[PDB]
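Comments concern the structure below.
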Amino acid sequence: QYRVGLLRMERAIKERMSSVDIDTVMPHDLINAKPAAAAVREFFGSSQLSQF
DNA sequence: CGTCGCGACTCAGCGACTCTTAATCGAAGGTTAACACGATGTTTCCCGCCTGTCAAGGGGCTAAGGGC
């Protein structure tokens, strides 16, 4: 599930890096963190394996 | 005196609704251009009309006490 979240984050970073230039760019400014923690939250929030 | 030109034929094949009956505990995670007038509501007081106090005054009715 973290690999799925990382694939989503990679898609987001690929969609966002085309707009923001890489030369003189603020570090880690295009990498998102919502789908990273959202995947583990769903895994521990309402997953069938983490049900109880 | 054979077949094939030309026709149906039923056979396959492909899609598709339910999972008893009561019950063991409540919610549940992300997606990230910038600005501008305008017309459109939102929210405060402010007087208008009116509603509700208790009081003041009084009289009128009821009743109780005293005298013949």
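We name chains A, B, ... following the order of the structure tokens; residues begin at 1 in each chain, and ligands are numbered from 1 as shown.
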Would you mind listing, as JSON, numbers by chain, all residues of chain A that have at least one atom within 6 Å of chain B, where only C-alpha atoms (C1' of nucleotides) are what counts?
{"A": [35, 38, 42, 45]}
Atoms kept (N, CA, C and O atoms) for selection, written as a compact mmCIF listing (two decimals), in the first residue's frame:
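And here's again.txt as it stands now:
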```
# COMPACT_ATOMS: atom_id res chain seq x y z
N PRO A 35 -0.97 11.90 -0.08
CA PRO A 35 -1.19 10.48 -0.41
C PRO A 35 -0.22 9.53 0.28
O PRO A 35 -0.52 8.34 0.38
N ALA A 38 -1.90 9.29 3.66
CA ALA A 38 -3.29 8.88 3.45
C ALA A 38 -3.40 7.38 3.23
O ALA A 38 -4.36 6.75 3.68
N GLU A 42 -5.63 5.02 5.63
CA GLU A 42 -6.68 4.11 5.17
C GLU A 42 -6.37 2.67 5.53
O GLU A 42 -7.29 1.90 5.82
N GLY A 45 -7.19 2.74 9.17
CA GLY A 45 -8.47 3.34 9.51
C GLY A 45 -9.67 2.48 9.18
O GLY A 45 -10.55 2.28 10.02
```
Could you pull out the residues in chain A that DSSP calls helix (DSSP H, G or I) from the backbone, as a ChimeraX atom specification?
/A:2-17,34-45
As number ranges by chain, please: the residues near segment 33-35 of chain B (cut-off 12 Å, only C-alpha atoms (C1' of nucleotides), same-chain neighbours under 3 positions excluded).
A: 16, 19-20
Which residue gives the smallest distance to residue 31 of chain A among A:17, A:46, A:3, A:52, with only C-alpha atoms counted?
A:17
One decimal, in Å: what's the spacing between atom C1' of residue 26 of chain B and atom CA of residue 2 of chain A?
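Between these atoms lies a distance of 26.5 Å.
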Can you measure atom CA of residue 10 of chain A to atom CA of residue 30 of chain A for me? One decimal in Å is fine.
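Separating atom CA of residue 10 of chain A from atom CA of residue 30 of chain A is a distance of 10.2 Å.
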